[PDB]
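Read the structure below first, then the notes.
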2 protein chains.
Amino acid sequence: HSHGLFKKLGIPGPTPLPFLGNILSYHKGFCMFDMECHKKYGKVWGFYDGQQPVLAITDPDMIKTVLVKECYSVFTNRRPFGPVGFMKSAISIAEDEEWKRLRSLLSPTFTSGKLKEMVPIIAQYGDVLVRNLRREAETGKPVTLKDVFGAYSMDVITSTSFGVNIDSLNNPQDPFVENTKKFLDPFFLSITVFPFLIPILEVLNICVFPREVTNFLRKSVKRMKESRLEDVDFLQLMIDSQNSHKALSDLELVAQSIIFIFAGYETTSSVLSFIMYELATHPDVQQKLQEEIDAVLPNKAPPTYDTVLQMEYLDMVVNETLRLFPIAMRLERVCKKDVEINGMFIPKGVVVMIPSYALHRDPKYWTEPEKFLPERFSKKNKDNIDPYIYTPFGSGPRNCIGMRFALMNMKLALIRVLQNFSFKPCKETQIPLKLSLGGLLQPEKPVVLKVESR
Amino acid sequence: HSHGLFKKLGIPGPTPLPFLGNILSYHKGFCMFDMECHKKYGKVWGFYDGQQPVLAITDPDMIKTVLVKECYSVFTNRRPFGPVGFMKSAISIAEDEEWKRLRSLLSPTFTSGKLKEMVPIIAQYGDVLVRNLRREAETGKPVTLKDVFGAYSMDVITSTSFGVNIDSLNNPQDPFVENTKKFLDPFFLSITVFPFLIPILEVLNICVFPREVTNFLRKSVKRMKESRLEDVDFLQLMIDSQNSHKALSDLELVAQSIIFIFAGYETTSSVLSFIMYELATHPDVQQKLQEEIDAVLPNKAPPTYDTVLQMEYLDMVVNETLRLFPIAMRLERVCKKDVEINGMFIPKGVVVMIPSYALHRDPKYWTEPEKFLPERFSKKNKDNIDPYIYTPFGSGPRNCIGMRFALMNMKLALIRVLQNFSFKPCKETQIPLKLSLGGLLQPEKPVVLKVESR
Ligand code: HEM
Ligand code: HEM
Ligand SMILES: CC(C)(C)OC(=O)N[C@H](CSC[C@H](Cc1ccccc1)C(=O)NCCCc1cccnc1)Cc1ccccc1
Ligand SMILES: CC(C)(C)OC(=O)N[C@H](CSC[C@H](Cc1ccccc1)C(=O)NCCCc1cccnc1)Cc1ccccc1
């Protein structure tokens with residue numbers, strides 16, 4: 001009933017089958033399909049997620065108009081997502097004057113001042129990591145990064161948000177550790193063909209987040225809420241905040257606590273895994289980086305907030321990895337008005353998509369796009385890089401509110417880990433890595449590596 | 001479109017509201033509503049579960065026609081239940097010539113011969129129970145029965161079916177113990193008003209059993225299948241069985257393994273909890289029973305299969321409890337034909353229901369129906385009891401296939417428990433017990449009791 005939309009505006013794309021759209025083209029994952037499309041169709045193309053049209057753009061100025069310029073006016077919300085139940089009040093899912101109300105009420109939690117106030121705490125679990133690694137290093141036993149990294153990222157989230165202190169790797173059976181550790185699978189494809197069936201599940205209290213984990217943290221939060229009240233973390237600042245322009249409700253407060261936890265668990269863990277792979281497969285880079293760390297932190301000195309930003313080959317290494325594996329893959333915004341941006345009409349209701357993964361591997365802005373070369377981000381060459389071709393944290397008012405915290409969380413782990421250990425591939429280590437043909441930005445085979453002690 | 005069905009046949013009942021039916025009358029639970037209806041309307045009445053008519057019968061001969069006589073011809077299947085995914089092949093859910101095919105292929109597992117072959121095994125975990133109770137008995141700390149009883153019933157199921165041996169109470173964090181321990185809640189009411197929405201969830205692979213626990217046991221079973229093949233329990237006999245009239249498939253085999261596990265976990269545990277309450281609130285009965293046990297098993301002798309059936313005050317105690325709390329509450333069968341049984345027309349499609357709980361408390365067949373008096377089942381008075389008024393295990397071809405195993409499982413626990421401990425109520429012990437106004441036959445407040453050692 002709408003599969004003729006791009007044929008009308010003269011916008012190219014693959015031919016959508018009825019009802020399915022082009023979702024059968026996802027057999028190789030969003031990334032390979034975007035790379036193919038960006039290659040076949042050029043600067044702008046179109047396709048249909050079921051009955052839903054999606055438009056892809058690759059011009060730095062047009063992306064800037066959508067993410068930055070016309071964010072408030074036109075492109076304010078991401079693609080609708082459901083069923084969710086009470087999770088409607090979550091920021092990344094919120095919309096319009098209820099997003100602007102929440103993005104404000106929670107921005108003060110990622111300031112340089114508060115972020116520096118978390119340096120003594122995040123550092124405490126970088127140490128706990130070393131013991132868990134050294135126990136498996138002295139017992140030569142190849143190591144799965146995501147396991148031990150997940151336990152660390154888990155340990156940092158909990159502390160930085162609620163104060164609950166657990167050695168999740170050695171307490172994988174703690175009642176607070178279990179609950180926590182929990183788009184092309186059989187369900188979500190049925191959602192994109194049956195978006196008319198989402199409202200059924202919403203009057204059903206059925207949620208893609210199980211109704212159990214949430215109810216454990218609706219109460220675990222209100223336990224801690226009444227445990228510090230009255231008697232430095234994310235929640236101590238979210239309680240200080242409810243003390244535009246209505247204050248923060250309490251089921252509203254329980255919702256954002258959850259979104260941070262995923263945000264910083266599988267992403268802090270996944271990215272650190274993509275990094276230790278690149279170091280293990282480019283040991284020269286691992287050499288140059290351990291030299292820089294011990295030059296800023298001699299005698300294995302403890303990283304501080306001001307020493308972390310001081311490490312430049314560290315930032316270069318982090319950036320280049322994110323180019324190769326930008327965990328979001330795509331950036332998306334929903335167009336709320338008949339608007340003509342940068343000389344092109346965008347009708348109301350169209351999802352606007354930026355293919356981040358494909359753009360990070362576009363040879364027109366990247367020489368040797370699939371090799372690992374941190375030298376792209378040296379202060380020498382870091383200036384020929386369009387800020388709208390490279391967006392691992394998005395851009396504009398709706399970008400990643402936790403970016404500063406993520407770059408600080410990961411670099412405090414890399415300093416403390418690379419001060420002590422070094423990483424060599426295994427025989428059973430997948431060289432080279434194959435990306436998941438599925439729906440998340442993750443490896444086909446989990447990253448296994450040999451670990452030795454300095 | 002069908003709410004005029006009972007008005008037509010001249011059958012009385014509460015007035016159904018559009019779409020909801022009489023389900024708003026479930027605010028006091030199925031039990032209180034059936035008692036009320038049986039009291040207001042007499043021997044036969046009618047009501048609507050949404051758009052679905054249900055007919056209640058209370059005559060011994062008419063129940064016998066449905067459960068026993070015309071089971072094969074007319075009343076073969078229970079009320080349709082979904083969504084379920086692959087669990088369609090489960091016996092209690094199976095229908096017609098695929099139930100008759102499965103009820104046969106699995107009946108040989110509850111014979112007196114095989115049941116006696118499980119006596120040495122089930123006895124091993126009655127002992128493990130004592131230590132866990134004595135640890136909390138020597139530390140005077142009131143005891144929650146369902147916790148420790150659940151761990152025991154759990155320990156017996158696993159062993160009697162797969163051989164996996166765990167102290168689930170002290171291993172509540174065993175990867176095999178966790179998966180296992182998992183009708184008027186917000187969901188199932190939406191199902192009975194929206195039965196047209198079930199087929200949506202079936203093409204969605206959404207199942208009221210989470211798609212996770214099942215996939216752990218589709219593989220855990222096929223681990224054990226290829227671990228004994230090649231190298232006494234339920235599965236060793238289900239593999240021996242696939243060695244009417246097609247053999248047992250392997251996803252067919254994974255399904256029945258699950259249905260036994262619930263069947264014998266929350267029911268073996270719940271019933272033993274309703275029993276220890278009745279003993280604690282009628283200590284004279286507890287006195288008479290410990291005398292009988294030590295008279296059959298002197299010196300705290302180990303129960304055997306032939307000593308267990310020998311205990312008559314034990315059976316009396318078990319029976320009378322089940323009268324007071326018959327965990328099924330109702331028996332149901334779906335009518336597949338225009339039939340006129342015992343002088344009454346039953347049109348096609350009508351669910352036929354027997355109110356077991358209400359009938360167990362009907363003063364016309366029970367003197368002092370709400371008191372606890374095991375003497376109703378003494379060999380003296382046990383003959384004035386209609387086998388179709390008292391059906392804790394159902395009746396006829398479709399009755400509880402595991403009845404013999406349940407009466408043997410529980411009595412082996414009561415002998416070993418009452419040989420050693422005695423049970424007194426607490427202050428915080430709920431005297432008298434309030435039944436759950438909800439959907440399962442369970443207490444409002446979990447049973448807590450003081451435990452002392454002989
Ligand atoms: C390697 C680490 C991370 C990366 C690469 C990353 C990337 C992104 C990206 C690309 C977006 C979408 C931005 C857009 O649409 O323009 C986003 C959104 C978001 N991120 Fe992250 N993220 C990371 C870690 C975190 C962490 C640790 C948090 C902790 C709270 C967090 C919280 C959020 C939130 C709340 C949003 C939604 C913002 C909004 O809609 O206003 N992220 N992130
Ligand atoms: C206190 C213990 C138990 C009680 C009171 C009980 C009661 C019942 C009742 C009333 C029914 C329905 C019968 C009917 O519709 O006429 C039933 C069915 C069933 N029970 Fe139990 N049960 C118990 C324990 C068990 C156990 C331990 C198992 C182990 C496998 C089991 C397996 C089954 C099965 C498979 C069915 C369905 C039979 C069929 O549809 O063919 N039950 N039970
Ligand atoms: C794809 C379509 C168009 C159908 O729907 C969307 O696009 N929905 C996206 C994600 S759905 C739900 C998600 C939270 C969640 C998902 C699964 C298990 C547990 C929690 C969310 O609510 N928020 C995600 C925030 C966590 C995060 C991830 C990466 C970086 N930083 C933070 C929304 C999204 C937000 C941010 C980046 C990328 C996507
Ligand atoms: C009420 C309407 C009319 C809508 O649906 C039905 O009546 N569905 C009944 C039960 S639903 C699913 C159930 C299994 C199950 C349920 C919940 C969590 C885990 C597993 C089953 O599949 N089987 C139950 C067998 C276990 C058992 C319980 C008690 C005694 N022995 C064995 C089916 C039923 C079977 C047997 C007795 C009472 C009810």
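Letters A, B, ... go to the chains of the structure tokens in the order shown; residues in each chain start at 1; ligands are counted from 1 in the same order.
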
field: Distance-based interface of chain B with chain A, 12 Å, counting only C-alpha atoms, as a ChimeraX atom specification
entry: /B:171-175,178,182,185-191,193-194,196-198,200-208,210-212

- prompt: Residues of range 101-168 of chain A in alpha helix (DSSP H) according to DSSP, as a PyMOL selection string?
  reply: chain A and resi 101-106+112-117+119-138+145-161

message: For range 355-366 of chain A, find every residue with an atom within 8 Å (counting only C-alpha atoms), except residues of its own chain fewer than 4 positions away, and show them as a PyMOL selection string.
response: chain A and resi 31+34-35+38+56-58+323-326+328-331+370+385+389-392

How would the residues just picked look written out with N, CA and C atoms as a JSON list (two decimals), in the first residue's frame?
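Result file out21.json:
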```json
[["chain", "number", "residue", "atom", "x", "y", "z"],
["A", 31, "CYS", "N", 25.14, -5.20, 8.34],
["A", 31, "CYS", "CA", 26.40, -4.61, 7.93],
["A", 31, "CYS", "C", 26.74, -4.96, 6.48],
["A", 34, "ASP", "N", 24.27, -3.23, 4.11],
["A", 34, "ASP", "CA", 24.53, -1.80, 3.93],
["A", 34, "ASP", "C", 25.74, -1.57, 3.05],
["A", 35, "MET", "N", 26.82, -2.32, 3.29],
["A", 35, "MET", "CA", 28.00, -2.23, 2.43],
["A", 35, "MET", "C", 27.64, -2.51, 0.98],
["A", 38, "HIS", "N", 25.32, 0.52, -0.21],
["A", 38, "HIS", "CA", 26.16, 1.70, -0.41],
["A", 38, "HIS", "C", 27.02, 1.56, -1.66],
["A", 56, "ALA", "N", 18.42, 5.93, 3.49],
["A", 56, "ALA", "CA", 19.82, 5.98, 3.90],
["A", 56, "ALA", "C", 20.50, 7.17, 3.25],
["A", 57, "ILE", "N", 21.31, 7.88, 4.04],
["A", 57, "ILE", "CA", 22.01, 9.07, 3.58],
["A", 57, "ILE", "C", 23.48, 8.95, 3.95],
["A", 58, "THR", "N", 24.35, 9.47, 3.07],
["A", 58, "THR", "CA", 25.79, 9.40, 3.27],
["A", 58, "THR", "C", 26.48, 10.73, 2.99],
["A", 323, "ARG", "N", 35.97, 2.49, 14.76],
["A", 323, "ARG", "CA", 35.74, 2.54, 13.32],
["A", 323, "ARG", "C", 35.44, 1.15, 12.78],
["A", 324, "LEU", "N", 36.29, 0.17, 13.11],
["A", 324, "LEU", "CA", 36.12, -1.17, 12.57],
["A", 324, "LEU", "C", 34.87, -1.85, 13.11],
["A", 325, "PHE", "N", 34.47, -1.56, 14.35],
["A", 325, "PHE", "CA", 33.32, -2.21, 14.98],
["A", 325, "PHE", "C", 32.51, -1.19, 15.76],
["A", 326, "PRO", "N", 31.74, -0.35, 15.06],
["A", 326, "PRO", "CA", 30.90, 0.63, 15.75],
["A", 326, "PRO", "C", 29.59, 0.02, 16.21],
["A", 328, "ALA", "N", 26.85, 0.34, 17.36],
["A", 328, "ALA", "CA", 25.49, 0.74, 17.00],
["A", 328, "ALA", "C", 25.15, 0.36, 15.56],
["A", 329, "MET", "N", 26.16, 0.26, 14.69],
["A", 329, "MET", "CA", 26.01, -0.09, 13.28],
["A", 329, "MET", "C", 25.28, 1.04, 12.55],
["A", 330, "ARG", "N", 24.07, 1.37, 13.00],
["A", 330, "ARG", "CA", 23.26, 2.41, 12.38],
["A", 330, "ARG", "C", 22.80, 3.46, 13.37],
["A", 331, "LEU", "N", 22.60, 4.67, 12.85],
["A", 331, "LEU", "CA", 21.91, 5.75, 13.55],
["A", 331, "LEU", "C", 20.60, 6.02, 12.84],
["A", 370, "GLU", "N", 39.82, -1.80, 5.66],
["A", 370, "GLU", "CA", 39.63, -2.99, 6.48],
["A", 370, "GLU", "C", 40.87, -3.39, 7.27],
["A", 385, "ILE", "N", 39.42, 13.81, 8.96],
["A", 385, "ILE", "CA", 38.41, 12.80, 9.28],
["A", 385, "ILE", "C", 37.11, 13.52, 9.57],
["A", 389, "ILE", "N", 31.25, 11.27, 9.22],
["A", 389, "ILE", "CA", 31.48, 9.99, 8.57],
["A", 389, "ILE", "C", 31.84, 8.99, 9.67],
["A", 390, "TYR", "N", 32.45, 9.49, 10.74],
["A", 390, "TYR", "CA", 32.86, 8.68, 11.89],
["A", 390, "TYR", "C", 32.03, 9.10, 13.09],
["A", 391, "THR", "N", 31.01, 8.30, 13.42],
["A", 391, "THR", "CA", 30.12, 8.58, 14.55],
["A", 391, "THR", "C", 29.86, 7.30, 15.33],
["A", 392, "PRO", "N", 30.82, 6.87, 16.16],
["A", 392, "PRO", "CA", 30.55, 5.72, 17.04],
["A", 392, "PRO", "C", 29.65, 6.07, 18.20]]
```

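The shortest atom-to-atom distance to residue 119 in chain A, with only C-alpha atoms taken into account, belongs to A:411 out of A:146, A:434, A:376, A:411.
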
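The gap separating CA of residue 380 in chain B from atom 5 (C, counted along the ligand's line) of ligand 2 is 23.6 Å, in Å to one decimal.
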
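Between CA of residue 39 in chain B and CA of residue 12 in chain B the separation is 12.3 Å.
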